[PDB]
Amino acid sequence: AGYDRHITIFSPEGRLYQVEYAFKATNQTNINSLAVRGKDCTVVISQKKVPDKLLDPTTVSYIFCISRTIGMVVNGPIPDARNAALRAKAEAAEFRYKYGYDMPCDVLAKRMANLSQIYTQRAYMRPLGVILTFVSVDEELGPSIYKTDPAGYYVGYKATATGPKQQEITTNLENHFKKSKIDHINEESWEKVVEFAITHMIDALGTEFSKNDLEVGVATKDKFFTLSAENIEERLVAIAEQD
Amino acid sequence: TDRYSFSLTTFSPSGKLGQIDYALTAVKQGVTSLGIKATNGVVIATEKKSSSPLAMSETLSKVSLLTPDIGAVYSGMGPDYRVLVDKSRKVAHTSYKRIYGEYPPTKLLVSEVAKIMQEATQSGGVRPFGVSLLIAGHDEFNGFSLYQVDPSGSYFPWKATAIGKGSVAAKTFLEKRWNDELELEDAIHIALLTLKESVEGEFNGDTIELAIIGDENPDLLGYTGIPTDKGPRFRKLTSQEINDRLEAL
Amino acid sequence: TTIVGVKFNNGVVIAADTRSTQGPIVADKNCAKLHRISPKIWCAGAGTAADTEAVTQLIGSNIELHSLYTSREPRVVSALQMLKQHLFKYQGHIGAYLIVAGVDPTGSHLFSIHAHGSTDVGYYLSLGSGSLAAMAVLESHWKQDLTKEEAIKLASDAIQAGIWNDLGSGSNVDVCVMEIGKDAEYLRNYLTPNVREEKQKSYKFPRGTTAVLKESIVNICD
Amino acid sequence: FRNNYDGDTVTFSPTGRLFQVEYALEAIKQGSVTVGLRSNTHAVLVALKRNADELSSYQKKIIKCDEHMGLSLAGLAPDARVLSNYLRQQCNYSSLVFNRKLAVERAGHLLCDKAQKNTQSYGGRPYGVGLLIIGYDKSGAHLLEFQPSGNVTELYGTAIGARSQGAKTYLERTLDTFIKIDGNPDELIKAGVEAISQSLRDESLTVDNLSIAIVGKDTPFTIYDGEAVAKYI
Amino acid sequence: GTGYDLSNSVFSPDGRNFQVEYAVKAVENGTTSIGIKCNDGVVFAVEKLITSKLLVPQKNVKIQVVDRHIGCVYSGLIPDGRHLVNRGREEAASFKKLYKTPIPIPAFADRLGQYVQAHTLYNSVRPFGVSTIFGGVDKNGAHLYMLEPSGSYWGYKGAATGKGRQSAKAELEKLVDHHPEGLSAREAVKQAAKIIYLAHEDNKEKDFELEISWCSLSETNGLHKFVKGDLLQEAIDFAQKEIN
Amino acid sequence: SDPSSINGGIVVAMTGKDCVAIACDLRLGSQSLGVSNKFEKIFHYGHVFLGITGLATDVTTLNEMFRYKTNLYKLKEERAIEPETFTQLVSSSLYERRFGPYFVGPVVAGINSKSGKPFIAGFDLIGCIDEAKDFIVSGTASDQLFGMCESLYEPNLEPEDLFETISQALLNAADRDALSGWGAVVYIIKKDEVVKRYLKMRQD
Amino acid sequence: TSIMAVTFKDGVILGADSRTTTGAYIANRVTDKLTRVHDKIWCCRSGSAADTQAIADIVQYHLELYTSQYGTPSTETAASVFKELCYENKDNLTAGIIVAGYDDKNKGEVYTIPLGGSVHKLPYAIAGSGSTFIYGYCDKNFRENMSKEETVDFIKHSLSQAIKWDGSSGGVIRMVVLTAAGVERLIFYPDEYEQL
Amino acid sequence: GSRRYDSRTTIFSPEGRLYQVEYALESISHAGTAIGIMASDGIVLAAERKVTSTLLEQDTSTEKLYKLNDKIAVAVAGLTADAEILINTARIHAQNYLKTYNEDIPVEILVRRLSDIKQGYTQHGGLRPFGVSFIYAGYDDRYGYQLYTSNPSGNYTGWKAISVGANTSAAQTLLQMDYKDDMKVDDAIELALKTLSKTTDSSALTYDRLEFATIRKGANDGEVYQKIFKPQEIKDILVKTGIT
Ligand SMILES: *[C@@](C)(CO)[C@](*)(O)[C@H](CC(C)C)NC(=O)[C@H](CCC(=O)N(C)C)NC(=O)[C@@H](NC(=O)CCCCC)C(C)C
Ligand SMILES: *[C@@](C)(CO)[C@](*)(O)[C@H](CC(C)C)NC(=O)[C@H](CCC(=O)N(C)C)NC(=O)[C@@H](NC(=O)CCCCC)C(C)C
């Protein structure tokens, strides 16, 4: 009648309250993110909020380069976020050394989601208060988005969004794929896919963005990279010409 | 450091093992899955409950192959199932195939899985697994078999059964329809009808996962040469193969 | 042993003899030196017989579990990395010499591994005591852009060089063909050029030739 | 309030306090008073010893660590035995490996770091003793104060123990005097006697009651007891 | 029922680690300290509460050095800050051992960061009771960091923590605006003395000592070095002339 | 010095029309000293017969071991071990001691109770499976046996016939070996019944 | 083996023969002894085939992990990793390695790591059994800040002498060019270099 | 730390009772009833499964009866999951014995060892006890036919007739009323059925709910034989006694 809420053991109802409270933690940063697939690319967009005038904007990031091909975006507090990243990087390097080929997106995801499950069963480990979104252009499955949570769950997406205002972005995208019929963004270049993602972020959230409000990651054939404030700026000049 | 070297499932005054009772509650909350055994095959089926209209249902397999002749399905917590499947595959090699050069019989791989779940009942600092499994398989000496494995670690052989949400109403539906002279095509027919009572939404090969343990599939082996190798008996049906039996249902 | 591996335009072929020895005496006149790792990755083994058979199985077992974990077809480079790291670990005390080849979603591959764990890559390779007899044939008849049938011929010819010319090689020729778009075909006893000639006499003894001291029935029941 | 946050040292109070550490501090306040004081030439320890009966012995408060360094204790005696021993090894190691007399400033950093590891890990209780460490290394005379929280402080003079606030105001008042006592050990010991009696209340300090230690330039660390301290009464 | 604040690794129903927030309180109770990043280096300073006339001047050092190019100062529980530097010192030496090159500041930050996050993961450990301000000069320019008990760390133009964190930040933000084109290494030292003196209003009952250090490509040759004698007296005299 | 050469002893297995035969000599010696004329080298676990030559302590151990392992197998599987499967359990068991092996030369013989197929197999000391359709040989006079079988053997022999052939193979091979002989025994195996005969040979 | 790496005005070039032997039998005549540990850091392998492969695989791993966290490693760092593996396991390895890499700040850099596990930074380095014969040639020919054409010639002439005299060296001459422009692979066949 | 969540499974009550042993024994009193009766010419084991379904498979099922050995067998009452862990050591133990002494393990030595494993979880390790009671039925050249019982406490005893599981008090009195020493096996077969038939909480006692075994030495083979009754055989014997 008390401690079934403090460690990772079942409640009378069959629930794990420490897992449920971990999901709640992922929204502490008040930052939304989304991910879409192009013809032969994948784009992650996350909000960049730097509320303190004493910070260095370039050090404030929730997007990580896990490997040469895989990138990861995190919804959650930064120390848990950086924890998860370090492991993902180590897990990636080790896979390549052991198996002789770069770790796929869906495989890395499964791994990190298997680890998350462990913290859900063993009592001395707490779950991490983070939702991890991995992206790549897999040499077998093409553009890929895979997302893991504190429950240990993971699934592949056509597109996804995460954060406090997730449902706004989600319904917006769902309506686009019912309209377009296909399950990706029909565009040749990644530049016009980054534009699409920012456009649908603005149209779903209802807020305009400057070069410092955004943080972008792009996955192409054999390369994941993050855009500078300047590349985003170039991308924001392009959206403000069609409208 | 791990200071949890003591049991987390203990006996309550009444004789109940609290954590197991609760784990079973989680299994009732999970999506319905079932299994039926014909004279010349076994069928396992479940419903793909989608987390978001944006998620791709193919990337999540609720039905899994353990050995070429053995398949598994579940009701309950997905992540716990996943890691169980990983361990179930490994144990089939380490404790059997690396010793005898052949795959474990259905009853013995079940037995190994049961044990893995039992230890989660007694070891220091762990909760039980929150899943019930259905294992369907074939071996040369036993024929076709279907087993149910509970969070406690217990296992029962079944002619037919279901687990999860509508398991009560589904078991009643199966009792009406099952006999000892069923062909495998019939068992699939019943399986689809039994699963229709559980599903409110779309009922097609896109939202329903189904696999069989039937004849040897020579064209699924990947190689020709060895006459004693005739291919796996586990076959997962495609979205299209399911719709073929739903058009006349 | 003699073992060879030849790349052609649309895949790779590997071949081996079937002689097994214990000193100067032939242990098995027809053993299989070709090993399935996965359905589309096969392996030729030379050296310590139990060493090749065991390292083949260990890795094959690991590769199967990997393929399930990842939901992907196994790659030849994976099997290559696992074998070499294992062999290296044992500093050559596991005396397995391997030609590993096959097809995967990244194309066709042909490699070789030594007991100490080093790996070579090539279009044509051979190992074993019959290595030199076979390699001489390969260096003489190999050309680029071989058809499947030309690759079989060459690999088969190379194994024959070992069978006739090397004492640590003989009996039959086992072949396996791995093609890009097809299911790999295993040709056990592809050639049988060493059929024993019919005996001159029969040595069936007239019943009662052997003197018997004691007779009984054995029991198996329970 | 306090009830729930004092079970172990692993737990923080809502205010940000570590109660187990703070109760360990209380064991020092119950301990017998001891005092330190230095000049540029010499560093001095004066300690009041506490007996159980008039049939028991007065338990010793001063320990040698090496030929240039030692300390006085207030609180749990076994914990002083553990901690003084450590510094004896750390002094020993510095000598054998580096042919070096381990400096008193690093003495404190080692005690600070050892004490801290007990305040963060489950199971381990804090230490229950305060230490007044006097030394003479390659940079003159030093005196240190040790609290089982970890806080080590280099001072000219200080006191710990029961009623030790009286002695601490005295040394605070007569700074300009005792710091200039260079070259005359006696008039520094006699300055430390007049310090400790500021913390007396009930008893008059006797010949088997008083314990004095001195280190310095031309003097090594030594212990004075019995009729050898009779002159300072 | 609750009791969510009794065990470290536990999450509250709102998704918080109450034990960490309780450690923050220990830091807030601690003595104030800052860091000023400049156009080629970093300047650290800190308050030293003089309790008695019996505390020896210049003797109770608080700013620590990791390696030769990094320096750290902290508010909160000192022994915890010492422990964090011992780990910092090992971590940097291990990096120099394998990679030859001295550890980059961003690399060193994550090292302390992953170590502090580790102590919010298990019930058998207590979270660190320190905020730490650290940084230095590496292969590409200067870096300044601030590390929280949660494991959070970011790069800062100016960092401040402890008792007088309010007064400091308010004064730090005027600097970032009045000097957008970078501040010099020399200027920052003087300006660090002022910030400490003005954040001493928060405790103006007890006298205090001033302790400053700097790491600067052109002034200290990229090595961490304390401020002594004539430069130190120069910085005091600037604070006195600004406070009046 | 050579552990395979201290105690002596030989074993031979041979297949025929719906039958297998396994045979051994009774000698246990230490170098020149003949010690026991009773030491049998064949064992069975259900219908699966195993023969072992080599260092006799290892023979004795590996027996006890495979009884231990087959007993546990039959209890879990609820069925007797089969020759094909047993062969595999012998290989993995030997290779487990790869770098500190048992100094033995195991031989497996029997009839698959399900398919009715005759089966024999041979092993080296580290578990390399040597599967043959005709005959398998083991022990200190394997050379003499290899020559005997390769000459005397013809396929599809009848139970009575096979007995004559295998016995004459073993006997003449044991008489050219100083460390084999002293008696002998021959198991004739059918799908239903098993017949065990002791042979009359030289005792020198 | 015969192997070398040479710094020049624009960057650095690595060169090797392609022969692996077991005694007097050539196991492989088309070996690539030039191995990538990072995008623009490569190495020259001599000694045990098994040992040098196993070492290089680990270095590539370490630098891959370094890149995830700290960015592009310096050539000096790549040397340190090799040094650590070779020195600390000196008793169990027969491996002599030349590390070469192009940094955009440091231009061209060559580090040599012989049997001991010691590290030496040089303008150019030669190693392998065949290198002994070309000590005189290289010392009298090498100049600092040569052109690409000039350096390719210098390596081509040197390794041809090594191959000419040393029975343990032969096959083709492989080179790898490391500059700001990227990575270039060069191959020279017997009929070309024997005639020099 | 973890101290808070420790049930302390191996402690005494103020009364001097082991909490967990008692609560586990309470668990067993709910499980299906098992009966063992030993006669002059053999031993009988029977059990009742809790209620189940028609769908349930009866041919492949053997859930409460187990073969430990060539000559030893067991009936289970409690968690099957727990029971199999112990049954597997019991099997290993017997084999170890056989490997050592070249003789089949005496029935008591086997029983004692399991009961010692059980006693373990009672005294150290802080783990829960096995929720299992065993009846043992075996033969050896020393005591002949033997019948033992062991419960979670690690205590074992020898019996002429015994029951574990549900309604043992009711079942013990009924045996205590109809058992005699000069009993034939087939007389003891009838008794076990009648006893279960009178304590059954279900409407009727059918074959699909029963498991049956005999460890009878053959009145012609002259050696010990084990027999686990297959559904059809139980179906036949149930009509004989008069239960249809
Ligand atoms: C060629 C026939 C060359 O001999 C092949 O490489 C062949 C490999 C296949 C897989 C059979 N090798 C053998 O048959 C080896 C040759 C003996 C050998 O390599 N040595 C010189 C030691 N033979 C064996 O593997 C045989 N085993 C043994 O002799 C026992 C070795 C124990 C090692 C401690 C078996 C065929 C019986
Ligand atoms: C030159 C060919 C001169 O030896 C090179 O250094 C070359 C190095 C490249 C990177 C492979 N080395 C070899 O080819 C070596 C030569 C033997 C050696 O240096 N060792 C210390 C072993 N060959 C091998 O490494 C071969 N393996 C062996 O175990 C050598 C067998 C020698 C007989 C005992 C492999 C190429 C298979």
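Residues numbered from 1 in each chain as written, not as in the entry; some residues may be left out. Chains lettered and ligands numbered in written order. Part of a larger assembly, values for the part shown. Heavy atoms only, no water.

Per the PDB entry, chain C goes by Proteasome component PUP1 and derives from Saccharomyces cerevisiae. According to its PDB record, this entry is titled "Crystal structure of yeast 20S proteasome in complex with epoxyketone carmaphycin analogue 3".

Per the PDB entry, chain B goes by the name Proteasome component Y7 and belongs to Saccharomyces cerevisiae.

This paragraph deals with the overall build of chain B. Helix and strand counts for chain B come out as six helices and eleven strands. Compactness check: chain B gives a C-alpha radius of gyration of 19 Å against a globular reference of 18 Å for 249 residues, within 12% of the reference. Dimensions along the principal axes, computed over C-alpha positions, put chain B at roughly 55 × 45 × 40 Å. The buried share of chain B, reckoned over its 249 residues, is 58%. Surface summary for chain B: the accessible area is close to 9,600 Å², and the carbon and sulfur share equals 49%. If the 27 positive side-chain charges of chain B are averaged to one point and the 31 negative ones to another, these points end up 7 Å apart. (Helix = DSSP H or I, 4+ residues; strand = E, 2+ residues; numbered from the N terminus. Rg over C-alpha atoms; globule rule 2.2 N^0.38 Å. Buried < 20%, exposed > 50% of the residue type's maximum accessible area, 1.4 Å probe, protein only. Areas by Shrake-Rupley, 256 points an atom, 1.4 Å probe, with all protein chains shown as cover. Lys, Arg positive; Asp, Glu negative; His and termini not counted. Charge placed at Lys NZ, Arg CZ, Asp CG, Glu CD.)

The full set close to ligand 1 counts 16 residues, and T1(C), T21(C), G47(C), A49(C) and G168(C) are the nearest of them. Nearby residues around ligand 1 are contributed by chains C and F. Here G47(C) contributes a backbone N or O atom positioned 2.9 Å from a nitrogen atom of ligand 1. Contact between ligand 1 and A49(C): an oxygen atom at 2.9 Å from a main-chain N or O atom of the residue. (Near = heavy atom within 4 Å. Polar contact = N/O pair within 3.5 Å; in protein donor to acceptor, adjacent residues only side chain to side chain.)

Further remarks concern the site of ligand 2. Residues and elements named next belong to chain G. For ligand 2, the set of nearby residues contains 15 residues, the closest of which are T1, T21, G47, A49 and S168. Taking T1, its side chain carries an N or O atom lying 2.3 Å from an oxygen atom of ligand 2. At 3.0 Å from a nitrogen atom of ligand 2 is found a main-chain nitrogen or oxygen belonging to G47. Surface burial for ligand 2 is 68%, taken as the share of its 770 Å² of free accessible area covered by protein chains. For the shell around ligand 2, the secondary-structure elements that each account for two or more residues are strand 3 (20-22) and strand 6 (41-47). Sorting elements by how many residues they give to the shell around ligand 2 places strand 6 first, with three residues. Classifying every residue of the shell around ligand 2 gives one nonpolar, eleven polar and three charged. (Nonpolar A, V, L, I, M, F, W, Y, C, P; charged D, E, K, R; others polar.)

All names here are of chain A. Along the polypeptide, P164 turns up in the loop between strand 8 (159-162) and helix 4 (166-180). Considering only alpha carbons, one finds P164 and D138, 26 residues apart in sequence, at a separation of 29 Å. Other than its neighbours up to four places away in sequence, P164 contacts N27, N30, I31 and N32. (Contact = heavy atoms within 4.5 Å.)

A cluster of nonpolar residues, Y93(D), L96(D), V97(D) and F98(D), forms a patch on the protein surface that exposes about 490 Å² of accessible area. Taking relative accessible area as the criterion, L96(D) reaches 69% and is therefore assigned exposed. (Patch = residues over 30% accessible without salt bridge, like charges linked within 9 Å, V, L, I, M, F, W, Y side chains within 5 Å. Salt bridge = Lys/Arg side-chain N within 4 Å of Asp/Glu carboxyl O.)

All names here are of chain C. UniProt feature "active site": in the numbering of this structure it lies at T1. Structurally, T1 can be placed in the segment before strand 1 (3-8). A relative accessible area of 19% means that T1 is categorised as buried. Beyond its immediate sequence surroundings of up to four residues, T1 is in contact with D17, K33, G45, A46, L127, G128, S129, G130, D166, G168 and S169. (UniProt positions renumbered as here; feature names shortened; annotations may be inferred.)

Chain B puts 32 residues into the contact, and the matching count from chain A is 34 residues. For the pairing of chain B and chain A, the buried interface totals around 2,800 Å² over both sides, and the portion due to carbon and sulfur atoms is 61%. Ranking the residues of chain B by area buried against chain A places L54(B), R82(B) and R127(B) at the top, with a combined share of 26%. At the junction of chain B and chain A, the tally comes to one salt bridge. Among the ionic pairs, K110(A) bridges to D86(B), the shortest N-O distance being 3.5 Å. Put simply, chain B and chain A have ten residue pairs in polar contact between them. At the level of secondary structure, the elements contributing two or more residues to the side of chain B that touches chain A comprise helix 1 (18-29) and helix 2 (78-100) of chain B. With six residues, the single largest contributor to the side of chain B that touches chain A is helix 1 of chain B. Classifying every residue of the side of chain B that touches chain A gives 17 nonpolar, ten polar and five charged. (Buried area = accessible area lost by both parts, 1.4 Å probe.)

The next subject is the environment of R197(F). Mapped onto the elements of the fold, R197(F) is located in strand 12 (residues 194-199). Taking the C-alpha atoms as reference, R197(F) lies 27 Å from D124(F); in sequence the two are 73 residues apart. Beyond its immediate stretch of four places on either side in the chain, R197(F) contacts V212(C), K214(C), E215(C), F163(F), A184(F), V185(F), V186(F) and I188(F).

A few words on unusual backbone geometry. Residue and element names in this part refer to chain H. At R8, a residue that is not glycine, the phi angle is positive and equals roughly 60°. Here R8 lies in the segment before helix 1 (19-28). With phi around 80°, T52 is a residue other than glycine that occupies positive phi space. Within the secondary structure layout, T52 lies in the loop between strand 2 (42-48) and strand 3 (65-67).

Here helix 4 (residues 148-165) of chain C contains 18 residues, and its C-alpha end-to-end distance of 26 Å stays within 8% of the 26 Å for a straight helix at 1.5 Å per residue. Among the residues making up helix 4 of chain C, those that are buried are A151(C), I152(C), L154(C), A155(C), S156(C), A158(C), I159(C), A161(C), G162(C) and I163(C). (Expected span 1.5 Å × (residues − 1).)

With that settled, consider the interface of chain C and chain G. Chain C puts 15 residues into the contact, and the matching count from chain G is eleven residues. Surface buried jointly by chain C and chain G totals about 1,000 Å² across both partners, of which 46% is contributed by carbon and sulfur atoms. On the chain C side of the contact with chain G, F88(C), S118(C) and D120(C) bury the most area, a combined 37% of that side's loss. Taken together, the links from chain C to chain G amount to two salt bridges.

What follows is about the arrangement of the chains. Contacts are most numerous, across the 18 pairs of chains in contact, for chains A and B. In this assembly chain B lies apart from chain G, the nearest approach of their C-alpha atoms being 26 Å.

What follows covers a positive patch on the surface. Together, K98(A), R122(A), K87(B), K90(B) and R98(B) make up a positively charged patch on the protein surface. Looking at the positive patch element by element, the count peaks at three residues for helix 2 of chain B. Examined against the element boundaries, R98(B) turns out to sit in helix 2.

The next point concerns the sheet that holds strand 5 (residues 34-38) of chain C. All names here are of chain C. Strand order across the open sheet formed by five strands is 5-6-7-8-9, with antiparallel pairing between neighbours. Two strands close off the open sheet at either side, each with one partner strand: strand 5 and strand 9 (119-121). The sheet shows a mean angle of 25° between the axes of neighbouring strands, direction not considered. Examined bridge by bridge, strand 8 (residues 107-113) and strand 9 share three bridges and lie antiparallel to one another. Looking across to strand 9, one finds that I113 is bridged to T119. Along the sheet, helix 1 (residues 49-70) makes contact with strand 5, strand 6 (41-47) and strand 7 (96-104), crossing strand 5 at roughly 15°. (Pairing = 2+ DSSP bridges. Axes fitted to C-alpha atoms, helices over the stretch in contact; angles between N-to-C directions.)

Turning our eyes to something else, we now look at the pattern of salt bridges. Counting across every chain of the model gives 77 salt bridges over all chains. In this structure, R96(A) engages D102(A) in a salt bridge whose closest nitrogen and oxygen atoms are separated by 4.0 Å. In this structure, the salt-bridge partner of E205(E) is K206(E), at a minimum N-O distance of 4.0 Å.

In the structure shown here, the tally under the stated rule is 49 aromatic pairs over all chains. Seen from their ring centres, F95(A) and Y101(A) are 5.1 Å apart, and the 85° between their planes marks the pair as edge-to-face. Judged by its relative accessible area of 8%, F95(A) is buried. According to the relative accessible area criterion, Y101(A) is buried, its value standing at 6%. Note on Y4(B) and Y5(H): the rings are 6.1 Å apart at their centroids and 35° apart in plane angle, and the pair reads as tilted. Taken as a pair, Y4(B) in the segment before helix 1 and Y5(H) in the segment before helix 1 lie in two separate chains rather than in one. (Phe/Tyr/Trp six-rings, centres within 6.5 Å; stacked < 30°, edge-to-face > 60°.)

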